[PDB]
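Here the structure comes first, spelled out in structure tokens, and everything after it is commentary.
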Amino acid sequence: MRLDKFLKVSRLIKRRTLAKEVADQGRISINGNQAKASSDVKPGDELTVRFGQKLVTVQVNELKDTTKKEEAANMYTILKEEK
Amino acid sequence: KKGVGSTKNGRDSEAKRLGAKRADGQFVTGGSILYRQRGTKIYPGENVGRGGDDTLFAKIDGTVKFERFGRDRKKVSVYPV
RNA sequence: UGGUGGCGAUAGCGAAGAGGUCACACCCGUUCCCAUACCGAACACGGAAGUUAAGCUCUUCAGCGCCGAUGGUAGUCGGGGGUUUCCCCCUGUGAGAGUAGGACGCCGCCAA
RNA sequence: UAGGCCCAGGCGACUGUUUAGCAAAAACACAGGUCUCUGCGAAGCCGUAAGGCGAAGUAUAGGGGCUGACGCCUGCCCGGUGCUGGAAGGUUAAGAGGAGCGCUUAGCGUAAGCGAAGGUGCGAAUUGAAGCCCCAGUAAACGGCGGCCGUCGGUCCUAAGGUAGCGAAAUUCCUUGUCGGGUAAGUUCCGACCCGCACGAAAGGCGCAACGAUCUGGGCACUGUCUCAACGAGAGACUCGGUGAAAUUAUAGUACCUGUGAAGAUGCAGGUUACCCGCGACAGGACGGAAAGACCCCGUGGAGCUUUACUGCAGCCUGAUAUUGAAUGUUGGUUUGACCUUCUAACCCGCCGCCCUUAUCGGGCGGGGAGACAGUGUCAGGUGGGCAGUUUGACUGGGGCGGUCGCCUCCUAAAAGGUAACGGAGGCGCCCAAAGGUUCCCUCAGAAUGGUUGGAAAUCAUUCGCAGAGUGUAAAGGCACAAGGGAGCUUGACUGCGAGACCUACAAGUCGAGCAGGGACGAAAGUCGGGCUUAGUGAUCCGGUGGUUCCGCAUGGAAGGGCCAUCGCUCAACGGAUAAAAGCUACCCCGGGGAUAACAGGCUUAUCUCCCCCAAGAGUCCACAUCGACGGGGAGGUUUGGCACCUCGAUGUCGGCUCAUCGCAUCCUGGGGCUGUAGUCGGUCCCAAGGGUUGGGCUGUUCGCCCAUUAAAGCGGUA
RNA sequence: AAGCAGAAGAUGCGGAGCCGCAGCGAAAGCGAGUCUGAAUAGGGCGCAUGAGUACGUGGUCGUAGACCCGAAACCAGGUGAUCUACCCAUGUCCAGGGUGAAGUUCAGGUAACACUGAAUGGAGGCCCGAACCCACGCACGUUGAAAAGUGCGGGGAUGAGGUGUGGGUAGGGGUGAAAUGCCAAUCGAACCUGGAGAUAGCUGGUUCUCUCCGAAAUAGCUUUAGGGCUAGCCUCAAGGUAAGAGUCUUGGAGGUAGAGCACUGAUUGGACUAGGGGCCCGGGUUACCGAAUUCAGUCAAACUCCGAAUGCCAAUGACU
RNA sequence: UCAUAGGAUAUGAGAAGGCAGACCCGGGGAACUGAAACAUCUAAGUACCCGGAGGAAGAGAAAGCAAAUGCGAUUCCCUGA
RNA sequence: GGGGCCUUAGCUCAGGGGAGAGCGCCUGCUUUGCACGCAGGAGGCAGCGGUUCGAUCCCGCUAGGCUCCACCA
């Protein structure tokens with residue numbers, strides 16, 4: 001689906017607005033490629049992210065929209081953290 | 001001017017030509033039908049038979065007569081010479 | 001009496017009574033035939049100790065239901081007329097409802 | 001004879017160009033800007049090709065697209081479509097291929113049948129480019145730039161949600177928006193405001209001096225534009241002489257009132273009026289003349305145009321093959337072909353020199369350059385409105401849009417049957433392998449009692465209980481001796497048929513005793529050719545499958561066909577035009593229509609206007625001075641309308657000017673009643689239509705608002 | 001028949017061929033039978049109930065322009081750029097007047113410049129305005145003087161200028177400062193000829209008389225609705241022949257009018273009342289609401305316990 | 001360089017072009033229309049254009065018709081139909 | 001006015017067999033800790049009718065809203 005929607009449902013980011021904001025800043029990327037909130041995603045995707053200096057690498061397992069709270073984190077897995 | 005429509009009550013089935021087809025006292029051949037119907041407004045009687053379409057036919061030649069099954073119930077019959 | 005058929009419940013519903021030695025029933029038990037989605041209630045099998053209570057027949061009645069006139073009226077073919085979303089006149093026909101009243105059965109065949 | 005001027009605004013920078021013969025413009029062009037293409041045989045374009053423009057030029061050039069001087073600027077989105085590039089992978093042609101399969105047959109064979117080789121037909125794997133799928137980039141490319149909730153925040157979605165600037169605009173319906181200016185008065189104009197129905201940045205945004213026979217508003221001057229006309233000159237008109245047409249025309253000795261009538265009469269009816277013939281003038285009528293209505297509709301009519309309508313074509317791209325051969329390697333299975341490099345002699349040169357030859361053609365020689373490529377031919381795939389041929393339904397209370405299109409049930413339907421409407425209500429495009437057949441069995445729903453969990457409502461016994469239930473499904477008809485509900489056994493949900501009937505334009509559809517064969521259930525009679533009856537489905541052609549004592553082009557086979565059974569279509573617009581199909585026309589055209597629409601007329605009068613009835617109630621009290629609720633009844637034929645009767649071989653349609661005319665439901669004037677009439681002024685009602693019933697601003701306007709007057713500033717009809 | 005002979009003839013010859021006499025079946029094939037079928041069954045088609053053939057007249061149909069005229073349009077082949085659009089080559093016309101640029105010089109001015117004022121100079125898709133060209137505004141004309149003009153004014157008027165001559169571009173095209181405009185008084189695709197008597201479910205027209213009979217304007221299906229097909233209705237002829245029709249009588253089916261509430265629905269009022277309140281001590285009252293039941297009452301196209309008149313279908317005979 | 005191209009000269013009743021708007025042989029090759037629309041199909045290998053002719057052209061002596069104790073070039077007519 | 005879509009907790013959503021997922025505002029609590037919370041405001045199929053044992057889920061009628069259309073003289 002879309003990146004911002006994915007982040008909200010997976011509860012990485014609490015607001016789709018904030019997801020859009022960070023993607024427009026380009027702090028993050030996908031598969032080594034800079035990306036945008038409208039960027040398409042899917043299972044198997046490898047996602048690079050930044051939180052200030054905290055850089056993160058994760059892996060996409062699933063995607064949906066109803067996404068209750070604890071079932072959110074099932075959608076993906078962490079892989080690695082750098083800074 | 002205005003604009004309207006949507007009657008949605010504009011059909012009906014093809015008329016099926018029920019009722020009696022032969023008359024009392026009328027001579028009849030074998031196999032002739034007598035009274036198309038649905039269900040039994042009328043039953044058969046002597047030398048008369050019913051079909052899968054609840055239709056009444058003469059098994060023989062003869063003359064037709066309509067009668068009543070006692071109360072509030074009718075009948076036909078063929079009587080030969 | 002019993003069996004068995006026919007006729008639109010004018011046959012029925014309901015209330016009251018009478019009878020069963022024969023007959024019909026109720027009734028006594030399942031070992032067999034057979035059976036009971038459960039079982040001898042029923043169906044089958046055999047029996048006859050006792051019971052006319054029921055069923056079944058015979059009487060009564062008109063409370064319910066049923067049948068049903070005559071007359072009148074509506075309606076109406078036809079003809080004619082009129083102030084004609086309707087009405088009226090004439091020959092003829094003619095209900096329903098409501099009554100009068102009828103009726104708690106008529107006819108047969110077999111067996112003792 | 002040779003400018004009228006000024007203030008302000010919109011549009012376009014300007015000078016220019018344009019619809020010869022309606023439109024001069026805000027349109028076109030323009031210089032300027034920007035994007036893109038193109039390395040020179042350019043590219044593009046014309047042409048079948050040669051040959052050409054481009055250009056006797058060479059990226060500061062040429063072509064194409066968009067925008068339009070100048071000034072400040074030209075924001076966000078590349079998700080989609082385009083282009084550009086990539087392109088590991090998938091898919092995809094023709095060609096190559098050539099495992100196998102059929103047919104045939106020598107031979108083997110008692111027969112059945114098997115059957116080598118050859119021929120023939122079909123042929124799998126494998127290979128097979130571009131393209132497409134896919135990934136990036138690009139917006140002065142196509143193009144796009146949102147919503148909800150809350151009192152700036154929160155949220156949904158987006159590829160992104162409109163930045164600056166401007167804004168009731170050439171865009172603003174509501175709307176004459178609000179305010180202010182200007183004016184006595186300003187739907188116009190100007191300036192501002194902005195909740196921008198529906199501005200917006202090269203379809204460019206905003207501004208802008210100069211320019212404009214541009215559009216718009218205001219002002220000075222001037223004027224017969226007007227108040228409100230008057231006079232004069234000249235040419236026609238008029239008379240006389242000379243000459244002398246045309247359109248049109250059924251014949252005509254051609255009156256008006258009302259009425260009728262194909263609904264608007266000269267000619268018809270009734271009544272009124274009118275001596276006969278001309279001249280000059282007017283133009284109300286002859287639904288006048290002219291032009292087979294240009295609007296509307298129809299035509300299985302046409303033409304032009306568009307496109308992600310259908311089918312095709314050109315053109316372009318790509319591949320195989322022939323021209324098109326010599327090598328060195330490479331990898332494959334069997335020598336072979338494929339691939340990369342190289343060479344040259346093929347082929348090519350809008351390169352040079354010489355000769356033909358005084359020749360920028362060509363054509364021979366020599367060189368040179370490229371090179372088995374290209375080009376061309378054949379075949380194949382893709383793209384392809386550049387182009388062509390065509391389609392694009394009907395009904396319809398005009399058409400279009402909407403809705404519907406076949407079948408079943410009921411009502412309408414008028415007591416046989418049948419019977420329409422864009423009349424009223426509902427259903428079908430199935431289901432059951434038991435929900436069928438047969439044999440045997442028994443009888444429902446609800447109510448009252450009692451009774452754990454049990455409860456209002458399970459299940460329970462219980463009496464009442466034609467039937468209130470059920471009947472696979474919608475409804476009607478019908479069924480309780482079951483057609484309803486159970487159990488057992490089974491598959492007649494059979495084959496061949498079918499007297500004779502029903503319905504019927506046809507096609508078709510429906511019922512059917514009874515016969516034969518073989519069965520099922522039942523002891524037997526006997527029932528069973530689907531279901532409780534009525535819907536549950538579609539032609540033909542074309543193909544496919546199976547079977548067949550049919551035919552099989554000399555003969556034997558075969559191919560193929562026929563017969564039988566059967567499958568494939570929402571062909572649903574359901575008697576189906578094709579296997580294959582959407583739109584615009586205001587640039588339009590033809591044939592017809594008043595069979596059909598817009599104006600007017602006509603019928604109706606729902607609506608509209610007006611009048612009236614009851615009278616509660618208001619009216620301090622009091623219904624009726626004046627108002628009059630809930631309700632009711634009429635008139636008129638000025639409204640909006642309904643119907644389609646005349647008119648489509650033409651009835652010109654708003655408003656205004658001139659000219660008037662009629663009605664009265666009277667605005668004024670006149671005469672009266674009542675009064676919640678002191679007077680003056682008034683209200684309301686009655687009789688009265690004789691006469692009169694203003695000038696301006698705004699708007700095309702009618703209407704309406706406003707200013708100032710007036711006795712009053714009437715309502716309507718007359719196409 | 002062709003054909004030979006025969007005066008363009010009649011005729012003769014010419015029997016190859018055609019129709020019929022036997023049909024049935026898809027066909028092999030069989031045969032007054034045949035096909036289906038397992039069937040000597042039944043059924044279909046046929047025979048038994050037989051007349052065709054050749055020619056002619058007449059009616060109708062089919063194919064050909066097929067009753068006549070009539071399109072817009074389509075295709076092929078040609079003619080046209082003496083008009084007009086654009087282009088090429090060569091020539092030619094634009095009275096007069098005005099403005100006053102660049103540059104140059106001088107002077108001021110500046111370090112120099114810049115800058116400033118005069119003179120010269122003579123530019124400009126510059127100005128005014130005749131010829132010339134174009135056509136906005138009005139009027140007139142509108143069977144005109146004129147198939148686009150005249151009069152009064154108007155715009156441009158040394159530049160994208162006007163104009164002549166000679167040439168080029170030709171229609172599935174050309175040209176176009178683009179309007180779909182022009183291409184010989186025409187143009188959303190020129191004109192002539194031919195295909196071609198295009199087609200026309202459309203309109204109009206269709207010529208002497210008399211007599212007999214005498215309609216329809218309905219159904220069904222239709223890319224069908226103003227057309228067509230079949231049926232219905234008319235006519236003519238040959239047959240059957242007396243069946244047909246009307247009335248009377250008799251018997252039937254049919255559930256409409258009407259009427260009614262027994263069903264389904266709608267509905268009025270009353271009585272009682274489950275129950276639920278409000279009032280007093282699990283009760284005890286209340287007319288506070290009130291289920292069902294009941295009494296009586298009204299109504300129905302899609303409701304009937306009932307049910308006509310008329311009409312419809314038949315039979316018997318009678319009369320006509 | 002032979003040599004060739006090319007050039008020069010002489011002979012040729014050569015052939016050119018026309019037609020009769022008809023007949024025929026071929027190369028090219030429509031649309032209207034009909035199909036009640038329409039594209040396959042028809043119209044139609046017509047019209048039209050072009051090139052060749054001759055009085056005729058074209059075809060023509062079997063790599064045939066066929067299926068019998070077989071016919072013997074083409075063409076045309078009647079039949080087959 | 002016609003057609004289509006929608007009308008479920010405060011907001012956004014799913015779901016013929018019993019309406020439940022997330023989010024937010026205000027208040028209160030709360031605390032050692034790098035915005036990591038909790039409870040209440042409160043969680044209710046626009047309405048009406050019908051079929052079914054049942055309806056948000058099928059059907060029908062009506063209302064509210066959004067979009068499209070409301071043309072030819």
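The way I read the labels, and the way they are meant: chains A, B, ... in the order of the structure tokens, residue 1 as the first residue of every chain, and ligand 1 as the first ligand shown, with later ones counted on from there.
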
Taking 5 positions as the minimum chain separation for residues in the same chain, which residues sit within 10 Å of residue 75 in chain B when counting only C-alpha atoms (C1' of nucleotides)? Answer as a PyMOL selection string. chain B and resi 40-46+48+65-70

Selection export as an mmCIF file, in the first residue's frame, atoms kept: C-alpha atoms:
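Final output, saved to part.cif:
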data_model
loop_
_atom_site.group_PDB
_atom_site.id
_atom_site.type_symbol
_atom_site.label_atom_id
_atom_site.label_comp_id
_atom_site.auth_asym_id
_atom_site.auth_seq_id
_atom_site.Cartn_x
_atom_site.Cartn_y
_atom_site.Cartn_z
ATOM 1 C CA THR B 40 -59.434 -28.505 -9.585
ATOM 2 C CA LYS B 41 -62.214 -26.087 -10.035
ATOM 3 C CA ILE B 42 -63.776 -29.229 -11.487
ATOM 4 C CA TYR B 43 -63.037 -32.895 -10.978
ATOM 5 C CA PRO B 44 -63.368 -35.766 -13.415
ATOM 6 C CA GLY B 45 -66.075 -38.376 -13.331
ATOM 7 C CA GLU B 46 -67.014 -41.356 -15.442
ATOM 8 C CA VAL B 48 -62.935 -38.879 -17.843
ATOM 9 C CA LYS B 65 -72.656 -33.846 -18.592
ATOM 10 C CA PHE B 66 -71.669 -31.598 -15.711
ATOM 11 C CA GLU B 67 -72.869 -32.299 -12.196
ATOM 12 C CA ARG B 68 -71.998 -31.718 -8.540
ATOM 13 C CA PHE B 69 -70.105 -33.791 -5.984
ATOM 14 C CA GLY B 70 -72.869 -33.368 -3.473
#

Residue hits in chain D, query chain A, radius 12 Å, only C-alpha atoms (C1' of nucleotides), as a PDB file with N, CA, C and O atoms (P, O5', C5', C4', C3', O3' and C1' of nucleotides), in the first residue's frame:
ATOM      1  P     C D  77       6.541  19.313  -5.821  1.00  0.00           P
ATOM      2  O5'   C D  77       5.289  18.376  -5.548  1.00  0.00           O
ATOM      3  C5'   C D  77       5.236  17.097  -6.140  1.00  0.00           C
ATOM      4  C4'   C D  77       3.858  16.724  -6.606  1.00  0.00           C
ATOM      5  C3'   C D  77       3.822  15.693  -7.711  1.00  0.00           C
ATOM      6  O3'   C D  77       3.984  14.382  -7.210  1.00  0.00           O
ATOM      7  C1'   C D  77       2.289  17.445  -8.175  1.00  0.00           C
ATOM      8  P     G D  79       5.812   8.807 -10.504  1.00  0.00           P
ATOM      9  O5'   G D  79       4.295   8.697 -10.045  1.00  0.00           O
ATOM     10  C5'   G D  79       3.858   7.576  -9.304  1.00  0.00           C
ATOM     11  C4'   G D  79       2.360   7.411  -9.339  1.00  0.00           C
ATOM     12  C3'   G D  79       1.735   7.252 -10.705  1.00  0.00           C
ATOM     13  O3'   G D  79       1.905   5.953 -11.238  1.00  0.00           O
ATOM     14  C1'   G D  79       0.445   8.753  -9.423  1.00  0.00           C
ATOM     15  P     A D 136      10.416   3.145  -9.894  1.00  0.00           P
ATOM     16  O5'   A D 136      11.813   3.768 -10.303  1.00  0.00           O
ATOM     17  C5'   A D 136      11.910   5.153 -10.531  1.00  0.00           C
ATOM     18  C4'   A D 136      13.158   5.520 -11.273  1.00  0.00           C
ATOM     19  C3'   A D 136      13.150   6.922 -11.841  1.00  0.00           C
ATOM     20  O3'   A D 136      13.492   7.894 -10.877  1.00  0.00           O
ATOM     21  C1'   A D 136      13.762   5.430 -13.529  1.00  0.00           C
ATOM     22  P     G D 154      -2.890  19.255  15.268  1.00  0.00           P
ATOM     23  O5'   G D 154      -4.238  18.413  15.241  1.00  0.00           O
ATOM     24  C5'   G D 154      -4.686  17.744  16.406  1.00  0.00           C
ATOM     25  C4'   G D 154      -5.831  16.812  16.115  1.00  0.00           C
ATOM     26  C3'   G D 154      -5.654  15.877  14.934  1.00  0.00           C
ATOM     27  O3'   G D 154      -4.880  14.732  15.229  1.00  0.00           O
ATOM     28  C1'   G D 154      -7.772  16.880  14.816  1.00  0.00           C
ATOM     29  P     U D 155      -4.278  13.840  14.036  1.00  0.00           P
ATOM     30  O5'   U D 155      -5.542  13.467  13.141  1.00  0.00           O
ATOM     31  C5'   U D 155      -6.380  12.396  13.531  1.00  0.00           C
ATOM     32  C4'   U D 155      -7.599  12.251  12.655  1.00  0.00           C
ATOM     33  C3'   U D 155      -7.365  11.717  11.258  1.00  0.00           C
ATOM     34  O3'   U D 155      -7.219  10.312  11.233  1.00  0.00           O
ATOM     35  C1'   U D 155      -8.816  13.566  11.153  1.00  0.00           C
ATOM     36  P     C D 156      -6.528   9.598   9.976  1.00  0.00           P
ATOM     37  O5'   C D 156      -7.569   9.813   8.795  1.00  0.00           O
ATOM     38  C5'   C D 156      -8.768   9.064   8.761  1.00  0.00           C
ATOM     39  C4'   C D 156      -9.476   9.186   7.440  1.00  0.00           C
ATOM     40  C3'   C D 156      -8.625   8.930   6.218  1.00  0.00           C
ATOM     41  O3'   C D 156      -8.467   7.556   5.951  1.00  0.00           O
ATOM     42  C1'   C D 156      -9.912  10.875   5.886  1.00  0.00           C
ATOM     43  P     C D 157      -7.185   7.055   5.141  1.00  0.00           P
ATOM     44  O5'   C D 157      -7.282   7.828   3.753  1.00  0.00           O
ATOM     45  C5'   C D 157      -8.237   7.425   2.789  1.00  0.00           C
ATOM     46  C4'   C D 157      -8.294   8.347   1.599  1.00  0.00           C
ATOM     47  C3'   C D 157      -7.019   8.519   0.806  1.00  0.00           C
ATOM     48  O3'   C D 157      -6.709   7.437  -0.044  1.00  0.00           O
ATOM     49  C1'   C D 157      -7.985  10.617   1.148  1.00  0.00           C
ATOM     50  P     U D 158      -5.201   7.269  -0.559  1.00  0.00           P
ATOM     51  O5'   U D 158      -4.893   8.638  -1.315  1.00  0.00           O
ATOM     52  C5'   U D 158      -5.490   8.893  -2.573  1.00  0.00           C
ATOM     53  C4'   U D 158      -5.187  10.265  -3.119  1.00  0.00           C
ATOM     54  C3'   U D 158      -3.776  10.506  -3.599  1.00  0.00           C
ATOM     55  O3'   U D 158      -3.521   9.911  -4.860  1.00  0.00           O
ATOM     56  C1'   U D 158      -4.549  12.392  -2.405  1.00  0.00           C
ATOM     57  P     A D 159      -2.815   8.472  -4.977  1.00  0.00           P
ATOM     58  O5'   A D 159      -1.444   8.785  -5.722  1.00  0.00           O
ATOM     59  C5'   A D 159      -0.207   8.814  -5.031  1.00  0.00           C
ATOM     60  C4'   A D 159       0.570  10.066  -5.334  1.00  0.00           C
ATOM     61  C3'   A D 159       0.135  11.297  -4.563  1.00  0.00           C
ATOM     62  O3'   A D 159       0.807  11.388  -3.327  1.00  0.00           O
ATOM     63  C1'   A D 159       0.303  11.808  -6.865  1.00  0.00           C
ATOM     64  P     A D 160       0.195  12.255  -2.136  1.00  0.00           P
ATOM     65  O5'   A D 160       0.045  13.710  -2.756  1.00  0.00           O
ATOM     66  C5'   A D 160       1.168  14.569  -2.783  1.00  0.00           C
ATOM     67  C4'   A D 160       0.884  15.891  -3.445  1.00  0.00           C
ATOM     68  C3'   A D 160      -0.203  16.741  -2.824  1.00  0.00           C
ATOM     69  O3'   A D 160       0.249  17.463  -1.700  1.00  0.00           O
ATOM     70  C1'   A D 160      -0.475  16.697  -5.159  1.00  0.00           C
TER      71        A D 160
END

Neighbours of residue 1 in chain A within 7 Å (only C-alpha atoms (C1' of nucleotides); same-chain residues fewer than 6 positions away dropped), as a list in words? residues 40, 41 and 42 of chain A

All strand (DSSP E) residues (DSSP, backbone) inside chain B, as a ChimeraX atom specification: /B:19-20,27-28,33-36,42-43,48-50,56-58,62-68,74-79

Create the file for the chosen residues now, containing N, CA and C atoms and written as a tab-separated table (two decimals), in the first residue's frame.
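After the write, selection_11.tsv holds the following:
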chain	number	residue	atom	x	y	z
B	19	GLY	N	-60.83	-22.50	-19.05
B	19	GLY	CA	-62.25	-22.66	-19.08
B	19	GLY	C	-62.64	-23.90	-19.82
B	20	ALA	N	-63.95	-24.02	-19.98
B	20	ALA	CA	-64.51	-25.14	-20.70
B	20	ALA	C	-64.29	-24.98	-22.19
B	27	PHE	N	-71.62	-33.94	-28.19
B	27	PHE	CA	-70.93	-35.18	-28.49
B	27	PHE	C	-69.44	-34.94	-28.59
B	28	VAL	N	-68.68	-35.91	-28.13
B	28	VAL	CA	-67.25	-35.77	-27.94
B	28	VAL	C	-66.55	-37.03	-28.43
B	33	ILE	N	-60.31	-32.75	-24.92
B	33	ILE	CA	-60.22	-32.07	-23.65
B	33	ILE	C	-61.51	-31.29	-23.46
B	34	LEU	N	-61.78	-30.98	-22.24
B	34	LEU	CA	-63.06	-30.45	-21.83
B	34	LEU	C	-62.95	-29.18	-21.03
B	35	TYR	N	-61.99	-29.10	-20.12
B	35	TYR	CA	-61.94	-27.98	-19.20
B	35	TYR	C	-60.49	-27.79	-18.78
B	36	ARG	N	-59.80	-26.90	-19.47
B	36	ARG	CA	-58.52	-26.43	-19.00
B	36	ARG	C	-58.69	-25.72	-17.68
B	42	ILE	N	-62.90	-28.13	-11.13
B	42	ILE	CA	-63.78	-29.23	-11.49
B	42	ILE	C	-62.97	-30.51	-11.44
B	43	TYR	N	-63.61	-31.57	-11.00
B	43	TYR	CA	-63.04	-32.90	-10.98
B	43	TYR	C	-63.47	-33.69	-12.19
B	48	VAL	N	-63.63	-40.15	-17.74
B	48	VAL	CA	-62.94	-38.88	-17.84
B	48	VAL	C	-61.66	-38.97	-17.02
B	49	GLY	N	-60.64	-38.27	-17.48
B	49	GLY	CA	-59.32	-38.38	-16.88
B	49	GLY	C	-58.69	-37.02	-16.72
B	50	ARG	N	-57.81	-36.94	-15.74
B	50	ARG	CA	-57.06	-35.73	-15.43
B	50	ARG	C	-55.62	-35.90	-15.87
B	56	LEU	N	-58.80	-31.85	-18.14
B	56	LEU	CA	-59.77	-32.92	-18.16
B	56	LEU	C	-60.02	-33.35	-19.58
B	57	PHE	N	-59.94	-34.65	-19.82
B	57	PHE	CA	-60.10	-35.20	-21.15
B	57	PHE	C	-60.99	-36.42	-21.11
B	58	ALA	N	-61.62	-36.67	-22.24
B	58	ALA	CA	-62.49	-37.81	-22.39
B	58	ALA	C	-61.69	-39.02	-22.83
B	62	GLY	N	-68.62	-39.98	-26.51
B	62	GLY	CA	-69.86	-39.92	-25.77
B	62	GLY	C	-70.38	-38.50	-25.69
B	63	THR	N	-71.26	-38.30	-24.72
B	63	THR	CA	-71.89	-37.02	-24.46
B	63	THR	C	-71.49	-36.53	-23.08
B	64	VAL	N	-71.32	-35.25	-22.98
B	64	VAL	CA	-70.81	-34.61	-21.79
B	64	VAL	C	-71.95	-34.24	-20.88
B	65	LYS	N	-71.71	-34.34	-19.58
B	65	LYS	CA	-72.66	-33.85	-18.59
B	65	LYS	C	-71.89	-33.36	-17.38
B	66	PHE	N	-72.25	-32.18	-16.91
B	66	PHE	CA	-71.67	-31.60	-15.71
B	66	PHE	C	-72.63	-31.73	-14.55
B	67	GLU	N	-72.08	-32.04	-13.38
B	67	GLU	CA	-72.87	-32.30	-12.20
B	67	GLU	C	-72.11	-31.77	-10.99
B	68	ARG	N	-72.56	-32.16	-9.80
B	68	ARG	CA	-72.00	-31.72	-8.54
B	68	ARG	C	-71.65	-32.91	-7.67
B	74	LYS	N	-67.87	-29.64	-8.11
B	74	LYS	CA	-68.41	-29.97	-9.42
B	74	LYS	C	-67.70	-31.15	-10.04
B	75	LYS	N	-68.25	-31.57	-11.17
B	75	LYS	CA	-67.89	-32.83	-11.79
B	75	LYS	C	-68.25	-32.75	-13.25
B	76	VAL	N	-67.55	-33.53	-14.06
B	76	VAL	CA	-67.94	-33.78	-15.43
B	76	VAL	C	-68.02	-35.28	-15.61
B	77	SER	N	-68.62	-35.67	-16.72
B	77	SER	CA	-68.67	-37.08	-17.03
B	77	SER	C	-69.02	-37.22	-18.49
B	78	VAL	N	-68.56	-38.31	-19.07
B	78	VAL	CA	-68.94	-38.69	-20.42
B	78	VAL	C	-69.72	-39.98	-20.33
B	79	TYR	N	-70.87	-39.98	-20.98
B	79	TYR	CA	-71.74	-41.12	-21.04
B	79	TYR	C	-71.93	-41.49	-22.50

Do you know which residues are at most 9 Å from range 53-69 of chain F counting only C-alpha atoms (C1' of nucleotides), after dropping those on the same chain fewer than 5 positions away, and could you put them as a ChimeraX atom specification? /D:554 /F:23-25,74-75

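Taking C1' of residue 32 in chain E and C1' of residue 564 in chain D as endpoints, the distance between them is 29.0 Å.
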
Residues near residue 519 in chain D, cut-off 12 Å, only C-alpha atoms (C1' of nucleotides), skip fewer than 3 positions along chain, as JSON, numbers by chain: {"D": [490, 491, 492, 494, 495, 528]}

Could you jot down the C1' of residue 700 in chain D to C1' of residue 215 in chain D separation for me, Å, one decimal place?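 That distance, rounded to one decimal, is 17.1 Å.
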
Using only C-alpha atoms (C1' of nucleotides), determine which residues lie at most 6 Å from range 55-62 of chain A, disregarding the query and same-chain residues fewer than 3 positions distant; provide the list as a PyMOL selection string. chain A and resi 43-50+75-83

Contacts from chain B to chain G, 9 Å maximum, only C-alpha atoms (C1' of nucleotides): show me the residue list as a PDB file with C-alpha atoms, in the first residue's frame.
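Final output, saved to part.pdb:
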ATOM      1  CA  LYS B   2     -40.641  18.711 -15.957  1.00  0.00           C
ATOM      2  CA  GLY B   3     -39.358  15.149 -16.034  1.00  0.00           C
ATOM      3  CA  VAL B   4     -40.738  12.005 -14.433  1.00  0.00           C
ATOM      4  CA  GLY B   5     -41.036   8.260 -14.832  1.00  0.00           C
TER       5      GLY B   5
END
